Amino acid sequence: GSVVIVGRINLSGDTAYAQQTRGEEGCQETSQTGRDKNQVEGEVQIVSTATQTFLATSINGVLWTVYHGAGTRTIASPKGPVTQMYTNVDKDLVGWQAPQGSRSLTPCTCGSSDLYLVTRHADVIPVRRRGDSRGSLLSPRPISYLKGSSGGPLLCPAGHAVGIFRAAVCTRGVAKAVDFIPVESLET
């Protein structure tokens, strides 16, 4: 089946919030047909297959997410299932042409090390960047709370895209840091 948009994380106001646009059955039906006519908007989508839910983020006109979420699946669209335009399984990165109605986050030109991770729960978590693909959590979270948030953006103070959340750094059974795909690698 296809990956289906089932919600979004709205980042337009000073406070992020999640919006659900499809329920469980609708998700499963839409995955099977690959036909999705729902209006798209915003930069961060909540996406789901029959068995996994995670995030997708539009940057550079491409809707990006993680391979360990989407596999090589098509995404449901107004015209039926659409094949991936980008697939790098080793980087854990896939992408489709962004849906009409979506907006892309602008890649960060700040070089800021003060980052913010956007989760599927709309928790925007402070993160200190340490390297090209790593930053430390500045507020404690369990691995379990971050699960389902892969594919979500790391933002800089200005709301620019710094990276895509790929994996959590687990130390002594809790989330200590995040591993992310740098926006510089999201080349079209």
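Throughout, we count residues from 1 along the sequence that is shown.
- Higher average CA B factor: 17 to 25, of the stretches 163 to 171 and 17 to 25.
- The mean Cα B-factor in the deposited entry runs higher for 36 to 44 than for the other of 36 to 44 and 55 to 63.
- You'll see in the entry that, of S112, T74, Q97, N88, the Cα B factor peaks at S112.
- In the PDB entry, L93 places in the lowest third of its chain by CA B-factor.
- In this PDB entry, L11 carries a Cα temperature factor that places it within the highest third of its chain's modelled residues.
- Among all modelled residues in its chain, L105 ranks in the middle third by Cα B-factor.
- Residue-level temperature factors show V124 in the middle third of its chain, judged at the C-alpha atom.
- In this PDB entry, the Cα temperature factor of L146 sits in the bottom third of its chain's modelled residues, the lowest group.
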